[PDB]
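Novice: Next up, query.cif (mmCIF, C-alpha atoms).
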data_my_file
#
loop_
_atom_site.group_PDB
_atom_site.id
_atom_site.type_symbol
_atom_site.label_atom_id
_atom_site.label_comp_id
_atom_site.auth_asym_id
_atom_site.auth_seq_id
_atom_site.Cartn_x
_atom_site.Cartn_y
_atom_site.Cartn_z
ATOM 1 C CA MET A 1 -78.489 -61.020 83.574
ATOM 2 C CA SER A 2 -74.857 -59.963 83.169
ATOM 3 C CA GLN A 3 -71.879 -58.967 85.315
ATOM 4 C CA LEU A 4 -70.142 -55.589 85.114
ATOM 5 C CA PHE A 5 -67.515 -54.248 87.515
ATOM 6 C CA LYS A 6 -67.099 -50.504 88.056
ATOM 7 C CA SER A 7 -65.499 -48.061 90.493
ATOM 8 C CA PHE A 8 -65.693 -44.294 90.004
ATOM 9 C CA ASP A 9 -64.674 -41.491 92.364
ATOM 10 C CA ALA A 10 -65.382 -37.774 91.971
ATOM 11 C CA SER A 11 -66.182 -38.528 88.329
ATOM 12 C CA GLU A 12 -62.534 -38.263 87.283
ATOM 13 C CA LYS A 13 -62.369 -40.288 84.067
ATOM 14 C CA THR A 14 -64.655 -43.029 82.753
ATOM 15 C CA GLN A 15 -62.793 -46.120 81.553
ATOM 16 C CA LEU A 16 -64.942 -48.824 79.960
ATOM 17 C CA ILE A 17 -63.135 -52.059 79.102
ATOM 18 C CA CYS A 18 -65.127 -55.191 78.272
ATOM 19 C CA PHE A 19 -62.808 -58.183 78.635
ATOM 20 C CA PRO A 20 -59.646 -56.171 77.856
ATOM 21 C CA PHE A 21 -56.110 -57.516 77.455
ATOM 22 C CA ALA A 22 -52.582 -56.408 78.343
ATOM 23 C CA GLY A 23 -51.056 -56.891 74.905
ATOM 24 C CA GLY A 24 -49.397 -53.592 74.078
ATOM 25 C CA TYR A 25 -52.017 -50.846 74.137
ATOM 26 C CA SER A 26 -52.661 -51.648 77.800
ATOM 27 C CA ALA A 27 -48.985 -51.512 78.767
ATOM 28 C CA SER A 28 -48.599 -48.312 76.746
ATOM 29 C CA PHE A 29 -51.673 -46.473 78.025
ATOM 30 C CA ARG A 30 -51.106 -47.741 81.566
ATOM 31 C CA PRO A 31 -48.100 -45.441 82.134
ATOM 32 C CA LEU A 32 -49.595 -42.784 79.860
ATOM 33 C CA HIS A 33 -52.662 -42.354 82.070
ATOM 34 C CA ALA A 34 -50.728 -43.230 85.226
ATOM 35 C CA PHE A 35 -48.298 -40.374 84.585
ATOM 36 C CA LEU A 36 -50.716 -37.870 83.051
ATOM 37 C CA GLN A 37 -53.843 -38.907 84.954
ATOM 38 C CA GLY A 38 -54.810 -40.517 88.247
ATOM 39 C CA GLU A 39 -57.716 -41.816 90.316
ATOM 40 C CA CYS A 40 -59.907 -42.509 87.285
ATOM 41 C CA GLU A 41 -63.128 -44.532 87.238
ATOM 42 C CA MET A 42 -62.158 -48.162 86.649
ATOM 43 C CA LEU A 43 -64.782 -50.471 85.148
ATOM 44 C CA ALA A 44 -64.895 -53.604 82.994
ATOM 45 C CA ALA A 45 -67.193 -56.344 81.701
ATOM 46 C CA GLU A 46 -67.383 -59.666 83.543
ATOM 47 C CA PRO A 47 -68.892 -63.089 82.737
ATOM 48 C CA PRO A 48 -72.343 -64.250 83.916
ATOM 49 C CA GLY A 49 -72.461 -65.618 87.450
ATOM 50 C CA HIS A 50 -75.911 -65.320 89.006
ATOM 51 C CA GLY A 51 -78.992 -63.180 88.450
ATOM 52 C CA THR A 52 -78.509 -60.237 90.798
ATOM 53 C CA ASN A 53 -80.382 -57.178 89.534
ATOM 54 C CA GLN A 54 -80.106 -56.615 85.782
ATOM 55 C CA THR A 55 -77.805 -56.927 82.770
ATOM 56 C CA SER A 56 -74.899 -54.531 82.247
ATOM 57 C CA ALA A 57 -75.809 -53.282 78.772
ATOM 58 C CA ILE A 58 -73.160 -50.592 79.222
ATOM 59 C CA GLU A 59 -75.284 -48.484 81.568
ATOM 60 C CA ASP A 60 -72.828 -48.028 84.436
ATOM 61 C CA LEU A 61 -72.521 -44.337 83.564
ATOM 62 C CA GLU A 62 -76.037 -43.398 84.671
ATOM 63 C CA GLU A 63 -76.393 -46.404 86.976
ATOM 64 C CA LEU A 64 -73.447 -44.952 88.896
ATOM 65 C CA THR A 65 -74.213 -41.228 88.803
ATOM 66 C CA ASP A 66 -77.726 -42.224 89.866
ATOM 67 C CA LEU A 67 -77.019 -44.930 92.445
ATOM 68 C CA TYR A 68 -74.557 -42.462 93.969
ATOM 69 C CA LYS A 69 -75.901 -38.987 93.202
ATOM 70 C CA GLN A 70 -79.491 -40.207 93.498
ATOM 71 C CA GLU A 71 -80.051 -37.181 95.732
ATOM 72 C CA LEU A 72 -79.397 -34.809 92.831
ATOM 73 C CA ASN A 73 -78.057 -35.172 89.289
ATOM 74 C CA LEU A 74 -75.522 -32.542 88.225
ATOM 75 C CA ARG A 75 -73.455 -33.869 85.321
ATOM 76 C CA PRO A 76 -71.725 -37.123 84.287
ATOM 77 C CA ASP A 77 -68.076 -37.580 83.318
ATOM 78 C CA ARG A 78 -66.780 -35.700 80.276
ATOM 79 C CA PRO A 79 -64.061 -38.178 79.217
ATOM 80 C CA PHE A 80 -64.899 -41.770 78.287
ATOM 81 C CA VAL A 81 -62.809 -44.558 76.761
ATOM 82 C CA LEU A 82 -64.391 -47.758 75.446
ATOM 83 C CA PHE A 83 -62.181 -50.727 74.567
ATOM 84 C CA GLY A 84 -63.685 -53.548 72.528
ATOM 85 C CA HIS A 85 -62.481 -56.500 70.465
ATOM 86 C CA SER A 86 -61.713 -57.222 66.809
ATOM 87 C CA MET A 87 -64.934 -59.231 66.569
ATOM 88 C CA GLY A 88 -67.638 -56.593 66.254
ATOM 89 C CA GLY A 89 -70.394 -55.054 68.343
ATOM 90 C CA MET A 90 -72.297 -52.178 66.756
ATOM 91 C CA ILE A 91 -74.915 -52.769 69.451
ATOM 92 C CA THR A 92 -72.883 -52.309 72.632
ATOM 93 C CA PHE A 93 -71.053 -49.417 70.975
ATOM 94 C CA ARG A 94 -74.291 -47.823 69.775
ATOM 95 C CA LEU A 95 -75.380 -47.478 73.404
ATOM 96 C CA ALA A 96 -71.972 -46.348 74.658
ATOM 97 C CA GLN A 97 -71.306 -43.741 71.970
ATOM 98 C CA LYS A 98 -74.902 -42.503 72.015
ATOM 99 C CA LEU A 99 -74.657 -42.210 75.800
ATOM 100 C CA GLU A 100 -71.473 -40.166 75.408
ATOM 101 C CA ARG A 101 -72.551 -37.646 72.771
ATOM 102 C CA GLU A 102 -75.900 -37.337 74.549
ATOM 103 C CA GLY A 103 -74.183 -37.073 77.919
ATOM 104 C CA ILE A 104 -71.760 -34.346 76.871
ATOM 105 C CA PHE A 105 -70.651 -32.955 73.510
ATOM 106 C CA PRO A 106 -67.372 -31.378 74.698
ATOM 107 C CA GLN A 107 -65.393 -34.503 75.586
ATOM 108 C CA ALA A 108 -61.673 -34.746 76.338
ATOM 109 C CA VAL A 109 -60.523 -38.366 76.546
ATOM 110 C CA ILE A 110 -62.069 -40.747 74.016
ATOM 111 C CA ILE A 111 -60.880 -44.041 72.537
ATOM 112 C CA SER A 112 -62.401 -45.787 69.519
ATOM 113 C CA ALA A 113 -62.126 -49.526 68.882
ATOM 114 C CA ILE A 114 -63.454 -52.147 66.469
ATOM 115 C CA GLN A 115 -62.331 -49.860 63.645
ATOM 116 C CA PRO A 116 -63.810 -51.521 60.530
ATOM 117 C CA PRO A 117 -61.976 -51.828 57.185
ATOM 118 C CA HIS A 118 -64.552 -49.703 55.362
ATOM 119 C CA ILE A 119 -63.835 -45.993 54.940
ATOM 120 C CA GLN A 120 -66.067 -42.945 54.491
ATOM 121 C CA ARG A 121 -66.348 -42.325 50.749
ATOM 122 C CA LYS A 122 -64.065 -39.338 50.162
ATOM 123 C CA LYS A 123 -61.282 -37.982 47.951
ATOM 124 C CA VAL A 124 -57.656 -37.698 49.066
ATOM 125 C CA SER A 125 -54.250 -37.269 47.430
ATOM 126 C CA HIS A 126 -52.770 -39.970 49.662
ATOM 127 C CA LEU A 127 -52.556 -42.698 47.017
ATOM 128 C CA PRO A 128 -53.865 -43.513 43.515
ATOM 129 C CA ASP A 129 -55.783 -46.405 45.071
ATOM 130 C CA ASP A 130 -56.823 -44.704 48.310
ATOM 131 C CA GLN A 131 -59.995 -43.296 46.754
ATOM 132 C CA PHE A 132 -60.637 -46.640 45.059
ATOM 133 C CA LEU A 133 -60.626 -48.671 48.275
ATOM 134 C CA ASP A 134 -62.296 -45.730 50.016
ATOM 135 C CA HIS A 135 -65.463 -46.146 47.948
ATOM 136 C CA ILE A 136 -65.070 -49.919 47.673
ATOM 137 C CA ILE A 137 -65.200 -50.312 51.453
ATOM 138 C CA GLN A 138 -63.908 -53.871 51.100
ATOM 139 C CA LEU A 139 -60.242 -54.335 52.001
ATOM 140 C CA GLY A 140 -60.671 -58.100 51.875
ATOM 141 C CA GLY A 141 -64.293 -58.430 50.829
ATOM 142 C CA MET A 142 -67.010 -56.828 52.940
ATOM 143 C CA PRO A 143 -70.458 -56.307 51.360
ATOM 144 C CA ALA A 144 -72.220 -53.407 53.076
ATOM 145 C CA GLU A 145 -74.064 -50.347 51.772
ATOM 146 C CA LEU A 146 -76.946 -49.897 54.213
ATOM 147 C CA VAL A 147 -74.698 -50.225 57.263
ATOM 148 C CA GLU A 148 -72.175 -47.492 56.474
ATOM 149 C CA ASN A 149 -74.240 -45.306 58.805
ATOM 150 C CA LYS A 150 -74.722 -47.713 61.710
ATOM 151 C CA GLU A 151 -71.000 -48.447 61.423
ATOM 152 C CA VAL A 152 -69.706 -44.871 61.480
ATOM 153 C CA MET A 153 -71.834 -44.305 64.580
ATOM 154 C CA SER A 154 -71.264 -47.679 66.241
ATOM 155 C CA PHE A 155 -68.237 -49.415 64.724
ATOM 156 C CA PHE A 156 -66.628 -45.972 64.855
ATOM 157 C CA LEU A 157 -64.952 -45.805 61.444
ATOM 158 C CA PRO A 158 -61.354 -44.515 61.249
ATOM 159 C CA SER A 159 -62.280 -41.531 59.080
ATOM 160 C CA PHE A 160 -62.025 -38.671 61.575
ATOM 161 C CA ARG A 161 -62.952 -35.679 59.417
ATOM 162 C CA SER A 162 -65.932 -37.780 58.328
ATOM 163 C CA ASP A 163 -67.451 -38.877 61.637
ATOM 164 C CA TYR A 164 -66.329 -35.643 63.294
ATOM 165 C CA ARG A 165 -68.020 -33.347 60.779
ATOM 166 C CA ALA A 166 -70.811 -35.930 60.700
ATOM 167 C CA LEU A 167 -71.463 -35.489 64.421
ATOM 168 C CA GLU A 168 -70.445 -31.833 64.687
ATOM 169 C CA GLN A 169 -70.770 -30.463 61.154
ATOM 170 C CA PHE A 170 -68.365 -27.723 62.235
ATOM 171 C CA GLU A 171 -65.140 -29.180 60.839
ATOM 172 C CA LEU A 172 -63.148 -26.747 58.697
ATOM 173 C CA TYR A 173 -61.022 -27.238 55.582
ATOM 174 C CA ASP A 174 -58.032 -27.176 57.932
ATOM 175 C CA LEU A 175 -57.553 -29.553 60.863
ATOM 176 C CA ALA A 176 -53.760 -29.470 61.133
ATOM 177 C CA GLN A 177 -51.902 -27.992 64.103
ATOM 178 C CA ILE A 178 -54.282 -29.293 66.769
ATOM 179 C CA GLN A 179 -53.485 -30.758 70.186
ATOM 180 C CA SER A 180 -55.019 -30.531 73.660
ATOM 181 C CA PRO A 181 -57.584 -33.266 74.424
ATOM 182 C CA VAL A 182 -56.962 -37.014 74.617
ATOM 183 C CA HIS A 183 -57.707 -39.793 72.131
ATOM 184 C CA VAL A 184 -56.437 -43.136 70.832
ATOM 185 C CA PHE A 185 -56.962 -45.333 67.772
ATOM 186 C CA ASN A 186 -57.638 -49.057 68.153
ATOM 187 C CA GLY A 187 -58.271 -51.871 65.692
ATOM 188 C CA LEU A 188 -57.526 -50.973 62.079
ATOM 189 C CA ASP A 189 -56.348 -54.570 61.714
ATOM 190 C CA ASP A 190 -57.070 -54.400 57.984
ATOM 191 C CA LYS A 191 -55.475 -51.108 56.940
ATOM 192 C CA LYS A 192 -52.912 -49.259 59.058
ATOM 193 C CA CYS A 193 -51.366 -46.899 56.506
ATOM 194 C CA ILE A 194 -54.768 -45.261 56.054
ATOM 195 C CA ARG A 195 -54.601 -43.694 59.516
ATOM 196 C CA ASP A 196 -50.881 -42.962 59.206
ATOM 197 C CA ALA A 197 -51.424 -41.036 55.972
ATOM 198 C CA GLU A 198 -54.710 -39.318 56.825
ATOM 199 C CA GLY A 199 -53.400 -38.847 60.353
ATOM 200 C CA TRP A 200 -49.981 -37.326 59.712
ATOM 201 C CA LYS A 201 -51.504 -35.188 56.959
ATOM 202 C CA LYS A 202 -52.752 -32.875 59.710
ATOM 203 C CA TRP A 203 -49.620 -33.351 61.816
ATOM 204 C CA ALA A 204 -51.946 -33.058 64.810
ATOM 205 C CA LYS A 205 -51.102 -35.031 67.952
ATOM 206 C CA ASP A 206 -53.291 -34.640 71.038
ATOM 207 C CA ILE A 207 -51.656 -34.473 74.467
ATOM 208 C CA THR A 208 -52.111 -38.248 74.565
ATOM 209 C CA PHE A 209 -52.286 -40.085 71.238
ATOM 210 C CA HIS A 210 -51.719 -43.811 70.726
ATOM 211 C CA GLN A 211 -52.021 -46.309 67.873
ATOM 212 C CA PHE A 212 -52.807 -50.013 68.233
ATOM 213 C CA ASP A 213 -53.096 -52.030 65.022
ATOM 214 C CA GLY A 214 -53.242 -55.798 64.611
ATOM 215 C CA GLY A 215 -52.885 -56.823 60.986
ATOM 216 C CA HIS A 216 -55.368 -59.043 59.164
ATOM 217 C CA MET A 217 -55.104 -57.611 55.650
ATOM 218 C CA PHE A 218 -54.794 -59.952 52.669
ATOM 219 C CA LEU A 219 -51.023 -59.455 52.661
ATOM 220 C CA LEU A 220 -50.641 -58.745 56.378
ATOM 221 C CA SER A 221 -51.609 -62.363 57.044
ATOM 222 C CA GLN A 222 -49.221 -63.679 54.391
ATOM 223 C CA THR A 223 -46.207 -62.017 56.008
ATOM 224 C CA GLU A 224 -46.357 -62.865 59.712
ATOM 225 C CA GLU A 225 -42.994 -61.141 60.142
ATOM 226 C CA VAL A 226 -44.388 -57.697 59.321
ATOM 227 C CA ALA A 227 -47.365 -58.319 61.603
ATOM 228 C CA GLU A 228 -45.482 -59.307 64.756
ATOM 229 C CA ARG A 229 -42.914 -56.667 63.806
ATOM 230 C CA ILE A 230 -45.409 -53.799 63.937
ATOM 231 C CA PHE A 231 -47.007 -55.099 67.133
ATOM 232 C CA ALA A 232 -43.663 -55.098 68.942
ATOM 233 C CA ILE A 233 -42.469 -51.680 67.780
ATOM 234 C CA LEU A 234 -46.002 -50.492 68.542
ATOM 235 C CA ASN A 235 -45.780 -51.514 72.201
ATOM 236 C CA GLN A 236 -42.352 -49.871 72.332
ATOM 237 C CA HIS A 237 -43.427 -46.773 70.404
ATOM 238 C CA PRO A 238 -44.074 -44.750 73.588
ATOM 239 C CA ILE A 239 -41.392 -46.537 75.604
ATOM 240 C CA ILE A 240 -38.495 -48.353 73.941
ATOM 241 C CA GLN A 241 -37.021 -51.457 75.570
ATOM 242 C CA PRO A 242 -33.411 -51.859 76.772
#
How does the structure come out when it is put into C-alpha cells?
Specialist:
Amino acid sequence: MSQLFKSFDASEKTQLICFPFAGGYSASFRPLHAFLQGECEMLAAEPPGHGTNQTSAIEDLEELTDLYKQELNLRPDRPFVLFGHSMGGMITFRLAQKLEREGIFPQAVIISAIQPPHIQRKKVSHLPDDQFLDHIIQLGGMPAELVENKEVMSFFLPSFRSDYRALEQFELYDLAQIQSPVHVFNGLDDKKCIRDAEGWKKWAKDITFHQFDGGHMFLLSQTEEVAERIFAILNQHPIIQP
C-alpha cells in the first residue's frame, strides 16, 4: 500500500533515498559519485497513489534481485546507501540495515542518517565533558535507556568504534590510517564536534567521505549565524564556490 521507485542495472550500487532533498549533501555527493562512480541503482520512496501490489517497506533489494534474477539467485549488491530525515525511523532503518548486514558483511559504500544525539557510553580524552554527555545521552534532553540498542542498530549512532566493534567485534585498539571503501555521515544535528574529534582522532578518510550536519543543539538554535554558516561551508567543503 505504498509507492517506491527503483532502477538497478548489473547490481552496480544500491542507492536508497526516501523523499531526499538537494540541500548540500546531494549536490556534494552528486559529483562525488558521478566522478568516482557511474550507472548505479537509483531508487527512492514515493507517496501513496493506488493499491498496486504491496507496500514498499524497503524491500526493493530482494524484490529486484528476485523479480529480475528469479531464474537464479547469485548475490545482491555489496554497497548500499540509505538517506533518511531528521525525524526518526528506527523501523524502516531496522529493515534496511538488517537487510544489508544479512545480505553481505563486506560492504564498500554505506551512508548512515538519522544520527541521534545519544552516544555509546565510552571514555575519550577529547574533552572534560565528552564522557559526561557520552553517558548522559541527552544533548538537549532525551530519556532513553532501553533503546540504546535499537538505536545503535537502527538509528545508527555516530559512534563508529562502538557500532563497528558491536557488529564485527574485530575492531583493534588502532583504527587510524585507514582508507579504501566509501562512507558518509548524515544528521548529527545536535552535536557536530563529536564526529570531528572522534573522527579526526584516527585521521582516517575513506576514498569518499562526506559530512552533513544541520544544527539543532541548545546553542546551535540560539545562534542562527553559526548554523547557516556551517551548512554553507559544508556544501562548499568538497567544491568551493567562485
Novice: Just say which residues the PyMOL selection byres ((chain A and resi 209) around 7) picks in this file, as a ChimeraX atom specification.
Specialist: /A:182-184,205-208,210
Novice: Please produce, as CSV, a per-residue contact table for region 168-218 of chain A versus region 71-85 of chain A (criterion: any atom at most 12 Å away, only C-alpha atoms considered), showing the nearest atom pair and its distance in Å to one decimal, sorted by chain then residue number.
Specialist:
residue,atom,partner,partner_atom,distance
A:181,CA,A:79,CA,9.4
A:182,CA,A:79,CA,8.5
A:183,CA,A:81,CA,8.4
A:184,CA,A:81,CA,8.8
A:185,CA,A:83,CA,10.1
A:186,CA,A:83,CA,8.0
A:187,CA,A:85,CA,7.9
A:188,CA,A:85,CA,11.2
A:189,CA,A:85,CA,10.9
A:212,CA,A:83,CA,11.3
A:213,CA,A:85,CA,11.7
A:214,CA,A:85,CA,11.0
Novice: So what do you get for CA of residue 201 (chain A) versus CA of residue 105 (chain A), distance-wise?
Specialist: 25.4 Å
Novice: Rounded to one decimal place, report the CA of residue 108 (chain A)-CA of residue 180 (chain A) distance in Å.
Specialist: 8.3 Å
Novice: Return the single residue from A:141, A:233, A:15, A:126 that is closest to residue 199 (chain A), with distances computed using all atoms listed in the file.
Specialist: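 Checking each of A:141, A:233, A:15, A:126 against residue 199 (chain A), counting all atoms listed in the file, the winner is A:126.
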Novice: For the structure shown, which residues end up in the PyMOL selection byres ((chain A and resi 130) around 12)? Put them as a list in words, please?
Specialist: residues 118, 119, 120, 121, 122, 123, 124, 125, 126, 127, 128, 129, 131, 132, 133, 134, 135, 136, 137, 138, 139, 191, 193, 194, 195, 197 and 198 of chain A
Novice: Grab the CA of residue 204 (chain A) to CA of residue 99 (chain A) distance for me, in Å with one decimal place.
Specialist: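 Between CA of residue 204 (chain A) and CA of residue 99 (chain A) the gap is 26.8 Å.
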Novice: I'd like the neighbourhood of residue 97 (chain A) as a ChimeraX atom specification, where a residue qualifies if any of its atoms comes within 10 Å (using all atoms listed in the file), though same-chain residues fewer than 6 positions away should be ignored.
Specialist: /A:80-82,90,103,110,112,153-156
Novice: Put those residues in a file: C-alpha atoms, as a PDB file, in the coordinates of the input.
Specialist:
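Okay, out_34.pdb is ready:
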ATOM      1  CA  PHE A  80     -64.899 -41.770  78.287  1.00  0.00           C
ATOM      2  CA  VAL A  81     -62.809 -44.558  76.761  1.00  0.00           C
ATOM      3  CA  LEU A  82     -64.391 -47.758  75.446  1.00  0.00           C
ATOM      4  CA  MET A  90     -72.297 -52.178  66.756  1.00  0.00           C
ATOM      5  CA  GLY A 103     -74.183 -37.073  77.919  1.00  0.00           C
ATOM      6  CA  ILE A 110     -62.069 -40.747  74.016  1.00  0.00           C
ATOM      7  CA  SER A 112     -62.401 -45.787  69.519  1.00  0.00           C
ATOM      8  CA  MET A 153     -71.834 -44.305  64.580  1.00  0.00           C
ATOM      9  CA  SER A 154     -71.264 -47.679  66.241  1.00  0.00           C
ATOM     10  CA  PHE A 155     -68.237 -49.415  64.724  1.00  0.00           C
ATOM     11  CA  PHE A 156     -66.628 -45.972  64.855  1.00  0.00           C
TER      12      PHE A 156
END
Novice: List the spatial neighbours of residue 9 (chain A) as a list in words - criterion: any atom at most 12 Å away, only C-alpha atoms, same-chain residues fewer than 6 positions off excluded.
Specialist: residues 15, 38, 39, 40, 41, 42, 43, 64, 65, 68, 69, 76 and 77 of chain A
Novice: Go through A:203, A:164, A:8, A:93 one by one, measure the shortest atom-to-atom distance of each to residue 150 (chain A) using all atoms listed in the file, and give the residue with the smallest value.
Specialist: A:93
Novice: Give me the result of the PyMOL selection byres ((chain A and resi 21) around 12) on this file, residue by residue, as an mmCIF file with C-alpha atoms, in the frame of the given file.
Specialist:
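Done, and the output landed in part-v4.cif:
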data_model
loop_
_atom_site.group_PDB
_atom_site.id
_atom_site.type_symbol
_atom_site.label_atom_id
_atom_site.label_comp_id
_atom_site.auth_asym_id
_atom_site.auth_seq_id
_atom_site.Cartn_x
_atom_site.Cartn_y
_atom_site.Cartn_z
ATOM 1 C CA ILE A 17 -63.135 -52.059 79.102
ATOM 2 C CA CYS A 18 -65.127 -55.191 78.272
ATOM 3 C CA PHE A 19 -62.808 -58.183 78.635
ATOM 4 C CA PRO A 20 -59.646 -56.171 77.856
ATOM 5 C CA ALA A 22 -52.582 -56.408 78.343
ATOM 6 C CA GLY A 23 -51.056 -56.891 74.905
ATOM 7 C CA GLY A 24 -49.397 -53.592 74.078
ATOM 8 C CA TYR A 25 -52.017 -50.846 74.137
ATOM 9 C CA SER A 26 -52.661 -51.648 77.800
ATOM 10 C CA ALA A 27 -48.985 -51.512 78.767
ATOM 11 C CA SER A 28 -48.599 -48.312 76.746
ATOM 12 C CA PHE A 29 -51.673 -46.473 78.025
ATOM 13 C CA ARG A 30 -51.106 -47.741 81.566
ATOM 14 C CA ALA A 44 -64.895 -53.604 82.994
ATOM 15 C CA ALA A 45 -67.193 -56.344 81.701
ATOM 16 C CA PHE A 83 -62.181 -50.727 74.567
ATOM 17 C CA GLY A 84 -63.685 -53.548 72.528
ATOM 18 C CA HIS A 85 -62.481 -56.500 70.465
#
Novice: Excluding residue 239 (chain A) and residues on its chain fewer than 2 positions from it, collect all residues at most 10 Å away from it, counting all atoms listed in the file, and give them as a PyMOL selection string.
Specialist: chain A and resi 27-28+31-32+233-237+241-242
Novice: So which one's closest to residue 161 (chain A), A:107, A:176, A:148, A:89? Using all atoms listed in the file, please.
Specialist: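 Of A:107, A:176, A:148, A:89, the one nearest residue 161 (chain A) is A:176, counting all atoms listed in the file.
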